[PDB]
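Novice: Chains as they are written, first to last, in the entry's author numbering: chain K, 10 to 38; chain J, 10 to 69; chain B, 483 to 530. Idealized CB from N, CA, C, for every residue including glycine.
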């Protein structure tokens, strides 16, 4: 379950990064 | 070179890291090319801008 | 022998199997056998 749990953690992190970028789009970050 | 192999081992043993890398590279290259084209545009034609008219504030 | 557990299996497999070249040889009615690129791409997963 641990490799699957951390795979899901990484996928959730990718999705969360993209969603945060959607919320605020700083040009010079 | 060996730097290519080092980059390959650092970034591509998983896939979500690859997706994140692609997104980050996109949203950095966009800014870099924007800066470059804006700077070249400013350089090409000096004196014509809106803040370069000598009488901008003499219709009060 | 009993000093080769799951972690060592994964380590050696990622040293020898994952994303490496192959050699094939086939004989007979092999007109329906997938081409080289199929096998070569199937040595890693994009799910993980």
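1. Please report the distance separating the alpha-carbon of residue 57 of chain J from that of residue 23 of chain J.
2. Quick one: which unbroken alpha helix (DSSP H) runs of 4-plus residues sit fully inside the region 10-58 of chain J? Chain order, please.
3. Which chain J residues are close to residue 29 of chain K, counting only those with a beta carbon under 9 Å from its beta carbon?
4. Cβ closer than 8 Å: which chain J residues qualify as neighbours of residue 26 of chain K?
5. With a threshold of 16 other CB atoms inside 10 Å of the CB of residue 489 of chain B, please say whether the residue is buried or exposed.
6. Roughly how far, in whole angstroms, is the beta-carbon of residue 502 of chain B from the beta-carbon of residue 525 of chain B, given that I think they are within contact range, below 8 Å?
7. For a test of the three-state rule: what should DSSP assign to residue 12 of chain K, helix, strand or coil?
8. Whole angstroms is fine: what's the gap from residue 59 of chain J's alpha carbon to residue 37 of chain J's?
9. Could you name the residues of chain K that residue 63 of chain J contacts, counting a contact when the two beta carbons are closer than 7 Å?
10. Which runs of the alpha helix (DSSP H), 4 residues or longer, sit entirely within the region 490-524 of chain B?
11. Work out the CA separation of residue 483 of chain B and residue 37 of chain K for me, nearest whole Å.
12. Check the Cβ of residue 529 of chain B against every Cβ in chain J and list those closer than 9 Å, keeping chain order.
Specialist: Put simply:
1. 52 Å
2. 11-20 and 25-53
3. The contacting residues do not exist; residue 29 of chain K stays about 11 Å from chain J at best.
4. Those within 8 Å of residue 26 of chain K in chain J are 29 and 32.
5. exposed
6. 7 Å
7. helix
8. The alpha-carbon atoms of residue 59 of chain J and residue 37 of chain J are separated by roughly 29 Å.
9. The premise fails here: residue 63 of chain J is roughly 32 Å from chain K at the closest Cβ pair, so nothing lies under 7 Å.
10. 518-523
11. 56 Å
12. 24
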